[PDB]
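> Input upload_33.txt, format and content: compact mmCIF, C-alpha atoms and all ligand atoms.
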# COMPACT_ATOMS: atom_id res chain seq x y z
CA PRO S 1 153.06 -7.20 10.28
CA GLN S 2 149.61 -8.71 10.29
CA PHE S 3 147.98 -10.37 13.30
CA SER S 4 145.26 -12.84 12.26
CA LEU S 5 143.73 -12.93 15.76
CA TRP S 6 143.45 -16.71 15.92
CA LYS S 7 145.86 -16.32 18.85
CA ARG S 8 146.15 -13.40 21.32
CA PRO S 9 148.09 -10.56 19.56
CA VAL S 10 151.05 -10.51 21.96
CA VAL S 11 154.49 -8.97 21.27
CA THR S 12 157.54 -7.94 23.25
CA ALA S 13 157.92 -4.26 24.08
CA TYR S 14 160.64 -2.21 25.79
CA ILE S 15 159.43 0.42 28.23
CA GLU S 16 162.45 2.53 29.26
CA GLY S 17 164.63 -0.44 28.38
CA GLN S 18 162.64 -3.00 30.37
CA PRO S 19 161.36 -5.94 28.18
CA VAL S 20 157.69 -6.74 28.67
CA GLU S 21 155.19 -8.98 26.86
CA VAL S 22 152.09 -6.94 25.97
CA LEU S 23 148.68 -7.56 24.38
CA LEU S 24 147.78 -5.24 21.49
CA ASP S 25 144.31 -4.17 22.55
CA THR S 26 141.79 -2.28 20.39
CA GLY S 27 139.22 -2.37 23.24
CA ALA S 28 141.42 -0.42 25.65
CA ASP S 29 141.64 3.41 25.73
CA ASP S 30 144.81 3.21 27.85
CA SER S 31 147.94 1.09 28.36
CA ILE S 32 148.52 -0.63 31.67
CA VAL S 33 151.57 -2.64 32.70
CA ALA S 34 152.47 -4.64 35.79
CA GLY S 35 155.86 -5.38 37.28
CA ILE S 36 157.94 -2.39 36.18
CA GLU S 37 159.32 0.55 38.15
CA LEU S 38 159.01 3.96 36.52
CA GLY S 39 159.79 6.43 39.26
CA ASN S 40 158.17 9.32 41.04
CA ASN S 41 156.69 11.45 38.23
CA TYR S 42 153.19 10.02 38.36
CA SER S 43 149.65 10.96 39.37
CA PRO S 44 147.24 8.28 40.73
CA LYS S 45 144.46 7.30 38.31
CA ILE S 46 141.41 5.01 38.42
CA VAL S 47 140.82 2.70 35.50
CA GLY S 48 137.69 0.64 34.91
CA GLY S 49 137.32 -2.68 33.15
CA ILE S 50 134.86 -5.54 33.05
CA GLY S 51 134.93 -6.58 36.69
CA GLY S 52 135.29 -3.16 38.29
CA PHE S 53 137.93 -0.45 38.85
CA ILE S 54 141.57 -0.49 39.90
CA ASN S 55 144.09 2.16 41.04
CA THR S 56 147.09 2.79 38.89
CA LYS S 57 150.00 5.20 38.71
CA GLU S 58 149.91 7.21 35.53
CA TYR S 59 153.27 8.07 33.95
CA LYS S 60 153.20 10.42 30.96
CA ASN S 61 155.73 10.59 28.15
CA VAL S 62 157.33 7.18 28.67
CA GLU S 63 159.76 6.01 26.02
CA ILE S 64 158.49 2.80 24.33
CA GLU S 65 160.10 0.54 21.75
CA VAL S 66 157.77 -1.91 20.13
CA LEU S 67 157.62 -3.50 16.66
CA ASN S 68 160.76 -1.59 15.66
CA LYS S 69 159.01 1.70 16.36
CA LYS S 70 159.92 4.19 19.10
CA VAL S 71 157.18 6.29 20.73
CA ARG S 72 156.67 8.36 23.87
CA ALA S 73 153.28 7.61 25.42
CA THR S 74 151.33 7.49 28.65
CA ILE S 75 151.67 4.23 30.57
CA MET S 76 149.89 3.18 33.73
CA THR S 77 151.24 0.71 36.23
CA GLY S 78 148.97 -1.42 38.32
CA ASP S 79 147.67 -4.87 39.12
CA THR S 80 146.77 -6.25 35.77
CA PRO S 81 146.90 -9.99 34.90
CA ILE S 82 148.12 -9.19 31.39
CA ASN S 83 150.08 -6.20 30.12
CA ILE S 84 147.90 -4.08 27.85
CA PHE S 85 148.93 -1.61 25.08
CA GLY S 86 145.66 0.20 24.24
CA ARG S 87 144.72 2.73 21.53
CA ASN S 88 146.98 5.57 22.75
CA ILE S 89 149.87 3.38 21.69
CA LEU S 90 148.30 1.61 18.69
CA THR S 91 147.47 4.95 16.95
CA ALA S 92 150.99 6.24 17.61
CA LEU S 93 152.27 3.13 15.85
CA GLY S 94 149.94 3.65 12.91
CA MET S 95 148.21 0.33 13.52
CA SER S 96 144.70 -0.30 12.25
CA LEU S 97 141.96 -2.90 12.43
CA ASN S 98 140.98 -4.07 8.94
CA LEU S 99 137.86 -5.75 7.57
CA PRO V 1 137.12 -0.98 5.44
CA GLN V 2 139.43 0.06 8.26
CA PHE V 3 139.31 1.35 11.84
CA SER V 4 142.19 3.78 12.48
CA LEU V 5 141.72 3.58 16.28
CA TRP V 6 141.76 7.36 16.96
CA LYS V 7 138.22 6.60 18.28
CA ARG V 8 136.90 3.39 19.89
CA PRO V 9 136.19 0.91 17.01
CA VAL V 10 132.41 0.79 17.54
CA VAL V 11 129.81 -0.54 15.08
CA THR V 12 126.14 -1.43 15.07
CA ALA V 13 125.71 -5.21 15.01
CA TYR V 14 122.47 -7.16 14.62
CA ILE V 15 122.27 -10.10 16.99
CA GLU V 16 119.39 -12.40 16.03
CA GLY V 17 117.90 -9.32 14.44
CA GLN V 18 118.34 -6.79 17.30
CA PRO V 19 120.64 -3.75 16.63
CA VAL V 20 123.30 -3.25 19.33
CA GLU V 21 126.43 -1.06 19.49
CA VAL V 22 129.50 -3.21 20.05
CA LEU V 23 133.20 -2.50 20.64
CA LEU V 24 135.61 -4.49 18.32
CA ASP V 25 138.08 -5.90 20.80
CA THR V 26 141.35 -7.69 20.02
CA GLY V 27 142.09 -7.81 23.77
CA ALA V 28 139.03 -9.97 24.34
CA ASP V 29 138.90 -13.76 23.95
CA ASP V 30 135.07 -13.88 24.07
CA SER V 31 132.14 -11.69 23.15
CA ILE V 32 129.86 -10.30 25.84
CA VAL V 33 126.61 -8.42 25.21
CA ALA V 34 124.08 -7.03 27.67
CA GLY V 35 120.33 -6.76 27.25
CA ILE V 36 119.54 -9.62 24.87
CA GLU V 37 117.30 -12.42 26.09
CA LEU V 38 118.24 -15.56 24.22
CA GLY V 39 116.51 -18.20 26.32
CA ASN V 40 117.61 -20.84 28.78
CA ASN V 41 119.87 -23.02 26.64
CA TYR V 42 123.23 -21.62 27.71
CA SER V 43 126.26 -22.70 29.64
CA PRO V 44 127.12 -20.78 32.81
CA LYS V 45 130.63 -19.27 32.60
CA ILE V 46 132.80 -16.81 34.46
CA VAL V 47 134.85 -14.24 32.62
CA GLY V 48 137.61 -12.12 34.10
CA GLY V 49 139.03 -8.79 33.05
CA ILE V 50 140.50 -5.72 34.75
CA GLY V 51 138.90 -5.42 38.19
CA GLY V 52 137.68 -9.00 38.56
CA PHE V 53 135.15 -11.58 37.32
CA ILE V 54 131.55 -11.65 36.13
CA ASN V 55 129.08 -14.47 35.54
CA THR V 56 127.99 -14.90 31.98
CA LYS V 57 125.61 -17.11 30.01
CA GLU V 58 127.10 -18.57 26.84
CA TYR V 59 125.02 -19.31 23.74
CA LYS V 60 126.31 -21.12 20.65
CA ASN V 61 125.32 -20.48 17.02
CA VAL V 62 123.92 -17.04 17.47
CA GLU V 63 123.24 -15.04 14.27
CA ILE V 64 125.41 -11.95 14.00
CA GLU V 65 125.42 -9.37 11.21
CA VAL V 66 128.09 -6.65 11.08
CA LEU V 67 128.46 -4.29 8.14
CA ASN V 68 126.58 -6.73 5.95
CA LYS V 69 128.53 -9.83 6.95
CA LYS V 70 126.64 -12.69 8.58
CA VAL V 71 128.22 -15.30 10.83
CA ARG V 72 126.95 -17.66 13.57
CA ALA V 73 129.13 -17.46 16.65
CA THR V 74 129.33 -18.01 20.38
CA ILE V 75 128.11 -15.06 22.42
CA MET V 76 127.79 -14.45 26.16
CA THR V 77 125.34 -12.24 27.99
CA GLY V 78 126.25 -10.65 31.30
CA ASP V 79 126.32 -7.36 33.09
CA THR V 80 128.87 -5.50 31.00
CA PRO V 81 129.16 -1.69 30.72
CA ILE V 82 129.98 -2.00 27.03
CA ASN V 83 129.08 -4.75 24.53
CA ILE V 84 132.23 -6.49 23.24
CA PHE V 85 132.97 -8.55 20.11
CA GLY V 86 136.15 -10.37 20.97
CA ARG V 87 138.54 -12.46 18.86
CA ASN V 88 136.12 -15.37 18.27
CA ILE V 89 133.89 -13.06 16.23
CA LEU V 90 136.68 -10.94 14.72
CA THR V 91 138.29 -14.06 13.18
CA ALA V 92 134.93 -15.28 11.88
CA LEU V 93 134.55 -11.93 10.13
CA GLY V 94 138.08 -12.15 8.71
CA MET V 95 139.38 -9.09 10.54
CA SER V 96 143.07 -8.56 11.21
CA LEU V 97 145.21 -6.02 13.06
CA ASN V 98 147.81 -4.48 10.75
CA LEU V 99 150.93 -2.35 10.86
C1 LIG N 1 140.11 -12.81 29.35
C2 LIG N 1 139.44 -11.75 28.47
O1 LIG N 1 139.54 -11.79 27.23
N1 LIG N 1 138.74 -10.80 29.10
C3 LIG N 1 138.18 -9.66 28.40
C4 LIG N 1 138.74 -8.31 28.90
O2 LIG N 1 138.39 -7.85 30.00
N2 LIG N 1 139.60 -7.70 28.09
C5 LIG N 1 140.20 -6.41 28.40
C6 LIG N 1 141.70 -6.57 28.61
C7 LIG N 1 142.04 -7.67 29.59
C8 LIG N 1 142.02 -9.09 29.17
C9 LIG N 1 142.32 -10.07 30.13
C10 LIG N 1 142.64 -9.71 31.46
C11 LIG N 1 142.67 -8.38 31.88
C12 LIG N 1 142.38 -7.34 31.00
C13 LIG N 1 139.96 -5.36 27.28
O3 LIG N 1 140.28 -5.89 26.00
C14 LIG N 1 138.52 -4.98 27.15
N3 LIG N 1 138.10 -4.08 28.18
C15 LIG N 1 136.80 -3.63 27.72
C16 LIG N 1 136.18 -2.87 28.86
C17 LIG N 1 135.97 -1.43 28.44
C18 LIG N 1 135.35 -0.63 29.53
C19 LIG N 1 134.03 -1.24 29.95
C20 LIG N 1 134.19 -2.67 30.35
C21 LIG N 1 134.83 -3.45 29.24
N4 LIG N 1 139.07 -3.00 28.29
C22 LIG N 1 139.54 -2.61 29.47
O4 LIG N 1 139.41 -3.27 30.51
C23 LIG N 1 140.29 -1.27 29.50
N5 LIG N 1 139.40 -0.20 29.95
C24 LIG N 1 139.08 0.82 29.16
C25 LIG N 1 138.15 1.90 29.69
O5 LIG N 1 139.51 0.94 28.00
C26 LIG N 1 141.56 -1.37 30.40
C27 LIG N 1 142.41 -2.58 30.01
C28 LIG N 1 142.39 -0.11 30.23
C29 LIG N 1 136.62 -9.69 28.47
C30 LIG N 1 135.99 -8.48 27.76
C31 LIG N 1 136.09 -11.00 27.85
Would you encode the structure as structure tokens?


Amino acid sequence: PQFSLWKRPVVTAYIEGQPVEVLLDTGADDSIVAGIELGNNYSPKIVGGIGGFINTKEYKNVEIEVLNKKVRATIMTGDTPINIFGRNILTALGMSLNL
Amino acid sequence: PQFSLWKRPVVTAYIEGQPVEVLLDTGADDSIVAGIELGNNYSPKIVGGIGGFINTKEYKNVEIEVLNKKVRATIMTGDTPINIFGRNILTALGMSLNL
């Protein structure tokens, strides 16, 4: 699949079965999602962006189904306006940015 | 050429002749650079990301050179920790995200 970038590269992903719309983001080191419950196996983490920092709960080894691929990766939950799938997930998928 | 994403996709871009390191960012709608004084013909804007909003100054038709490609694009200056080339510049360069 090729994303031309004329529109936001958004797809539907399944995180432990829960469907979520995420943005494929090359400018994010991590993945952060809002609105899903993942349980008690987390450590609190601080993540910084353009307007400042935010607290998140970091879950490691979460099962993710996206673009017909299945991967286990770290996911953070927190107050984000858009669900982000950063490089930790993009590299696992084998996705690249081409010029 | 391709960016495999194991590392942040960073390049040296020349903006109106000045070299600057920028992050190629598919999760960004706009481009925001710090430390470039382009004059007073800009439009005041506000851009939001993780953590909140920042005030930016938008300039149109700015000369940008990346890996020997030259385009004129819209660019914003503002207090950003990292310089970002968002989708408006990535499309102008013909970049795409592939799997
Ligand atoms: C609306 C929009 O496109 N905002 C962009 C933006 O903040 N994009 C974020 C993801 C995003 C978009 C919209 C709403 C909320 C979040 C992302 O693509 C770019 N930023 C770049 C950061 C990098 C660290 C220094 C400051 C700039 N990435 C992040 O915020 C991520 N942080 C890190 C460290 O990777 C975070 C999502 C995990 C601006 C750069 C123009």

> Residues of chain S within 7 Å of chain V, counting all atoms listed in the file, what are they? List them as a list in words.

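Residues of chain S within 7 Å of chain V, counting all atoms listed in the file: residues 1, 2, 3, 4, 5, 6, 23, 24, 25, 26, 27, 48, 49, 50, 51, 52, 53, 54, 80, 87, 91, 94, 95, 96, 97, 98 and 99 of chain S.
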
> Pick out the residues sitting within 8 Å of residue S:58, and hand them over as a PyMOL selection string; count only C-alpha atoms, and ignore anything fewer than 4 positions along from it in its own chain.

chain S and resi 42-45+74-77

> Using all atoms listed in the file, which of V:40, V:65, V:31, V:57 sits nearest ligand LIG 1 (chain N)?

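Residue with the minimum atom-to-atom distance to ligand LIG 1 (chain N): V:31.
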
> Find the distance between atom CA of residue S:78 and atom CA of residue V:30 and write it in Å to one decimal.

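If I compute the distance from atom CA of residue S:78 to atom CA of residue V:30, I get 23.5 Å.
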
> Both chains have the same sequence, so match all Cα atoms in order, fit chain V onto chain S by least squares, and return it as a PDB file with C-alpha atoms, keeping the file's coordinate frame.


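And here is the file that came out, selection.pdb:
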ATOM      1  CA  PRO V   1     152.965  -6.923   9.450  1.00  0.00           C
ATOM      2  CA  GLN V   2     149.589  -8.257  10.544  1.00  0.00           C
ATOM      3  CA  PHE V   3     147.933 -10.022  13.483  1.00  0.00           C
ATOM      4  CA  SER V   4     145.226 -12.420  12.246  1.00  0.00           C
ATOM      5  CA  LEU V   5     143.700 -12.751  15.747  1.00  0.00           C
ATOM      6  CA  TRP V   6     143.474 -16.584  15.804  1.00  0.00           C
ATOM      7  CA  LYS V   7     145.825 -16.127  18.823  1.00  0.00           C
ATOM      8  CA  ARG V   8     146.018 -13.209  21.290  1.00  0.00           C
ATOM      9  CA  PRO V   9     147.987 -10.387  19.526  1.00  0.00           C
ATOM     10  CA  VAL V  10     150.971 -10.465  21.908  1.00  0.00           C
ATOM     11  CA  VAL V  11     154.402  -8.901  21.307  1.00  0.00           C
ATOM     12  CA  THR V  12     157.533  -8.139  23.276  1.00  0.00           C
ATOM     13  CA  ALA V  13     157.782  -4.402  23.945  1.00  0.00           C
ATOM     14  CA  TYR V  14     160.692  -2.525  25.514  1.00  0.00           C
ATOM     15  CA  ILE V  15     159.546   0.060  28.025  1.00  0.00           C
ATOM     16  CA  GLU V  16     162.420   2.372  28.972  1.00  0.00           C
ATOM     17  CA  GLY V  17     164.633  -0.512  27.963  1.00  0.00           C
ATOM     18  CA  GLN V  18     162.909  -3.389  29.840  1.00  0.00           C
ATOM     19  CA  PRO V  19     161.389  -6.233  27.699  1.00  0.00           C
ATOM     20  CA  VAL V  20     157.751  -7.006  28.585  1.00  0.00           C
ATOM     21  CA  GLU V  21     155.062  -9.093  26.845  1.00  0.00           C
ATOM     22  CA  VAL V  22     152.046  -6.938  26.053  1.00  0.00           C
ATOM     23  CA  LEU V  23     148.589  -7.599  24.586  1.00  0.00           C
ATOM     24  CA  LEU V  24     147.606  -5.236  21.654  1.00  0.00           C
ATOM     25  CA  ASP V  25     144.166  -4.093  22.703  1.00  0.00           C
ATOM     26  CA  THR V  26     141.671  -2.107  20.620  1.00  0.00           C
ATOM     27  CA  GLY V  27     139.131  -2.470  23.455  1.00  0.00           C
ATOM     28  CA  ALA V  28     141.392  -0.509  25.778  1.00  0.00           C
ATOM     29  CA  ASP V  29     141.549   3.293  26.016  1.00  0.00           C
ATOM     30  CA  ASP V  30     144.783   3.269  28.075  1.00  0.00           C
ATOM     31  CA  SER V  31     147.861   1.128  28.484  1.00  0.00           C
ATOM     32  CA  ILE V  32     148.520  -0.687  31.745  1.00  0.00           C
ATOM     33  CA  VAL V  33     151.715  -2.571  32.605  1.00  0.00           C
ATOM     34  CA  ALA V  34     152.706  -4.363  35.798  1.00  0.00           C
ATOM     35  CA  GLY V  35     156.160  -4.697  37.304  1.00  0.00           C
ATOM     36  CA  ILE V  36     157.930  -1.569  36.057  1.00  0.00           C
ATOM     37  CA  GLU V  37     159.129   0.965  38.603  1.00  0.00           C
ATOM     38  CA  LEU V  38     159.139   4.358  36.952  1.00  0.00           C
ATOM     39  CA  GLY V  39     159.461   6.632  39.968  1.00  0.00           C
ATOM     40  CA  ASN V  40     157.161   8.950  41.857  1.00  0.00           C
ATOM     41  CA  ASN V  41     156.209  11.473  39.180  1.00  0.00           C
ATOM     42  CA  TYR V  42     152.829  10.052  38.203  1.00  0.00           C
ATOM     43  CA  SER V  43     149.199  10.961  38.456  1.00  0.00           C
ATOM     44  CA  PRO V  44     146.931   8.660  40.465  1.00  0.00           C
ATOM     45  CA  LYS V  45     144.074   7.309  38.307  1.00  0.00           C
ATOM     46  CA  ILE V  46     141.363   4.693  38.465  1.00  0.00           C
ATOM     47  CA  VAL V  47     140.631   2.464  35.517  1.00  0.00           C
ATOM     48  CA  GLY V  48     137.590   0.255  35.098  1.00  0.00           C
ATOM     49  CA  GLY V  49     137.032  -2.854  33.041  1.00  0.00           C
ATOM     50  CA  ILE V  50     135.029  -6.075  33.336  1.00  0.00           C
ATOM     51  CA  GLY V  51     134.679  -6.889  37.038  1.00  0.00           C
ATOM     52  CA  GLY V  52     135.398  -3.434  38.447  1.00  0.00           C
ATOM     53  CA  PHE V  53     138.102  -0.795  39.015  1.00  0.00           C
ATOM     54  CA  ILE V  54     141.803  -0.684  39.835  1.00  0.00           C
ATOM     55  CA  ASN V  55     144.115   2.107  40.958  1.00  0.00           C
ATOM     56  CA  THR V  56     146.839   2.978  38.535  1.00  0.00           C
ATOM     57  CA  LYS V  57     149.797   5.354  38.357  1.00  0.00           C
ATOM     58  CA  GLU V  58     150.059   7.277  35.095  1.00  0.00           C
ATOM     59  CA  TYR V  59     153.389   8.360  33.607  1.00  0.00           C
ATOM     60  CA  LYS V  60     153.769  10.612  30.562  1.00  0.00           C
ATOM     61  CA  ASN V  61     156.484  10.436  27.886  1.00  0.00           C
ATOM     62  CA  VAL V  62     157.602   6.922  28.521  1.00  0.00           C
ATOM     63  CA  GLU V  63     159.888   5.351  25.873  1.00  0.00           C
ATOM     64  CA  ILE V  64     158.279   2.399  24.133  1.00  0.00           C
ATOM     65  CA  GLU V  65     159.787   0.221  21.408  1.00  0.00           C
ATOM     66  CA  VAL V  66     157.662  -2.367  19.583  1.00  0.00           C
ATOM     67  CA  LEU V  67     158.926  -4.295  16.577  1.00  0.00           C
ATOM     68  CA  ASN V  68     161.556  -1.645  15.989  1.00  0.00           C
ATOM     69  CA  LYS V  69     159.244   1.355  16.265  1.00  0.00           C
ATOM     70  CA  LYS V  70     159.932   3.904  18.991  1.00  0.00           C
ATOM     71  CA  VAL V  71     157.327   6.237  20.455  1.00  0.00           C
ATOM     72  CA  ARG V  72     156.940   8.163  23.746  1.00  0.00           C
ATOM     73  CA  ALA V  73     153.511   7.620  25.239  1.00  0.00           C
ATOM     74  CA  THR V  74     151.429   7.668  28.388  1.00  0.00           C
ATOM     75  CA  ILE V  75     151.567   4.431  30.352  1.00  0.00           C
ATOM     76  CA  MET V  76     149.974   3.311  33.619  1.00  0.00           C
ATOM     77  CA  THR V  77     151.248   0.795  36.125  1.00  0.00           C
ATOM     78  CA  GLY V  78     148.853  -1.196  38.272  1.00  0.00           C
ATOM     79  CA  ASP V  79     148.020  -4.694  39.324  1.00  0.00           C
ATOM     80  CA  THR V  80     146.956  -6.170  36.004  1.00  0.00           C
ATOM     81  CA  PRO V  81     147.001  -9.895  35.112  1.00  0.00           C
ATOM     82  CA  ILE V  82     148.150  -9.063  31.595  1.00  0.00           C
ATOM     83  CA  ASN V  83     150.079  -6.032  30.287  1.00  0.00           C
ATOM     84  CA  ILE V  84     147.948  -4.031  27.823  1.00  0.00           C
ATOM     85  CA  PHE V  85     148.811  -1.544  25.056  1.00  0.00           C
ATOM     86  CA  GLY V  86     145.563   0.247  24.420  1.00  0.00           C
ATOM     87  CA  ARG V  87     144.487   2.681  21.690  1.00  0.00           C
ATOM     88  CA  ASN V  88     146.753   5.562  22.800  1.00  0.00           C
ATOM     89  CA  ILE V  89     149.800   3.477  21.885  1.00  0.00           C
ATOM     90  CA  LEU V  90     148.246   1.673  18.903  1.00  0.00           C
ATOM     91  CA  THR V  91     147.512   5.024  17.190  1.00  0.00           C
ATOM     92  CA  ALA V  92     151.016   6.297  17.947  1.00  0.00           C
ATOM     93  CA  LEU V  93     152.364   3.203  16.204  1.00  0.00           C
ATOM     94  CA  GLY V  94     150.032   3.729  13.235  1.00  0.00           C
ATOM     95  CA  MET V  95     148.110   0.494  13.728  1.00  0.00           C
ATOM     96  CA  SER V  96     144.613   0.001  12.359  1.00  0.00           C
ATOM     97  CA  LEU V  97     141.935  -2.694  12.513  1.00  0.00           C
ATOM     98  CA  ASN V  98     140.926  -3.822   9.024  1.00  0.00           C
ATOM     99  CA  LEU V  99     138.268  -5.843   7.253  1.00  0.00           C
TER     100      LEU V  99
END

> Take stretch 68-87 of chain V, model N, CA, C and O atoms, and hand the result over as a JSON list (two decimals), keeping the file's coordinate frame.


[["chain", "number", "residue", "atom", "x", "y", "z"],
["V", 68, "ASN", "N", 126.99, -5.81, 6.98],
["V", 68, "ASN", "CA", 126.58, -6.73, 5.95],
["V", 68, "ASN", "C", 127.32, -8.06, 5.86],
["V", 68, "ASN", "O", 127.44, -8.62, 4.77],
["V", 69, "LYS", "N", 127.89, -8.52, 6.96],
["V", 69, "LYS", "CA", 128.53, -9.83, 6.95],
["V", 69, "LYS", "C", 127.70, -10.61, 7.95],
["V", 69, "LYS", "O", 127.21, -10.03, 8.92],
["V", 70, "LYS", "N", 127.42, -11.87, 7.66],
["V", 70, "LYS", "CA", 126.64, -12.69, 8.58],
["V", 70, "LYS", "C", 127.38, -13.93, 8.99],
["V", 70, "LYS", "O", 127.74, -14.72, 8.13],
["V", 71, "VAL", "N", 127.56, -14.12, 10.29],
["V", 71, "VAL", "CA", 128.22, -15.30, 10.83],
["V", 71, "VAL", "C", 127.35, -15.82, 11.98],
["V", 71, "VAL", "O", 126.41, -15.14, 12.40],
["V", 72, "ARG", "N", 127.62, -17.04, 12.42],
["V", 72, "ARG", "CA", 126.95, -17.66, 13.57],
["V", 72, "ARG", "C", 128.13, -17.83, 14.50],
["V", 72, "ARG", "O", 129.18, -18.33, 14.10],
["V", 73, "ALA", "N", 127.99, -17.37, 15.74],
["V", 73, "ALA", "CA", 129.13, -17.46, 16.65],
["V", 73, "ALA", "C", 128.66, -17.63, 18.07],
["V", 73, "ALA", "O", 127.46, -17.57, 18.35],
["V", 74, "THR", "N", 129.62, -17.87, 18.96],
["V", 74, "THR", "CA", 129.33, -18.01, 20.38],
["V", 74, "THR", "C", 129.26, -16.61, 20.95],
["V", 74, "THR", "O", 130.04, -15.75, 20.60],
["V", 75, "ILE", "N", 128.30, -16.39, 21.83],
["V", 75, "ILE", "CA", 128.11, -15.06, 22.42],
["V", 75, "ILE", "C", 127.73, -15.26, 23.89],
["V", 75, "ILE", "O", 127.12, -16.27, 24.24],
["V", 76, "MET", "N", 128.13, -14.34, 24.75],
["V", 76, "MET", "CA", 127.79, -14.45, 26.16],
["V", 76, "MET", "C", 127.00, -13.22, 26.54],
["V", 76, "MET", "O", 127.13, -12.16, 25.89],
["V", 77, "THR", "N", 126.07, -13.39, 27.48],
["V", 77, "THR", "CA", 125.34, -12.24, 27.99],
["V", 77, "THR", "C", 125.78, -12.12, 29.45],
["V", 77, "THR", "O", 126.14, -13.11, 30.11],
["V", 78, "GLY", "N", 125.84, -10.89, 29.93],
["V", 78, "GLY", "CA", 126.25, -10.65, 31.30],
["V", 78, "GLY", "C", 126.22, -9.16, 31.51],
["V", 78, "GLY", "O", 126.05, -8.36, 30.55],
["V", 79, "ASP", "N", 126.35, -8.76, 32.75],
["V", 79, "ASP", "CA", 126.32, -7.36, 33.09],
["V", 79, "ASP", "C", 127.62, -6.69, 32.67],
["V", 79, "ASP", "O", 128.56, -6.64, 33.42],
["V", 80, "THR", "N", 127.68, -6.16, 31.46],
["V", 80, "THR", "CA", 128.87, -5.50, 31.00],
["V", 80, "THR", "C", 128.50, -4.05, 30.69],
["V", 80, "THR", "O", 127.42, -3.78, 30.18],
["V", 81, "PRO", "N", 129.42, -3.11, 30.98],
["V", 81, "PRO", "CA", 129.16, -1.69, 30.72],
["V", 81, "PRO", "C", 129.13, -1.42, 29.23],
["V", 81, "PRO", "O", 128.38, -0.58, 28.75],
["V", 82, "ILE", "N", 129.94, -2.17, 28.48],
["V", 82, "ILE", "CA", 129.98, -2.00, 27.03],
["V", 82, "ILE", "C", 129.88, -3.37, 26.38],
["V", 82, "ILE", "O", 130.37, -4.34, 26.94],
["V", 83, "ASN", "N", 129.17, -3.48, 25.25],
["V", 83, "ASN", "CA", 129.08, -4.75, 24.53],
["V", 83, "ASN", "C", 130.42, -4.96, 23.77],
["V", 83, "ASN", "O", 130.93, -4.06, 23.11],
["V", 84, "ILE", "N", 130.94, -6.17, 23.84],
["V", 84, "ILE", "CA", 132.23, -6.49, 23.24],
["V", 84, "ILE", "C", 132.18, -7.66, 22.24],
["V", 84, "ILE", "O", 131.58, -8.70, 22.54],
["V", 85, "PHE", "N", 132.80, -7.48, 21.08],
["V", 85, "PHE", "CA", 132.97, -8.55, 20.11],
["V", 85, "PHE", "C", 134.45, -8.82, 20.21],
["V", 85, "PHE", "O", 135.26, -7.95, 19.85],
["V", 86, "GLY", "N", 134.78, -9.97, 20.78],
["V", 86, "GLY", "CA", 136.15, -10.37, 20.97],
["V", 86, "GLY", "C", 136.67, -11.17, 19.79],
["V", 86, "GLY", "O", 135.97, -11.30, 18.77],
["V", 87, "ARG", "N", 137.88, -11.72, 19.93],
["V", 87, "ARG", "CA", 138.54, -12.46, 18.86],
["V", 87, "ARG", "C", 137.77, -13.61, 18.18],
["V", 87, "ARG", "O", 137.94, -13.82, 16.97]]
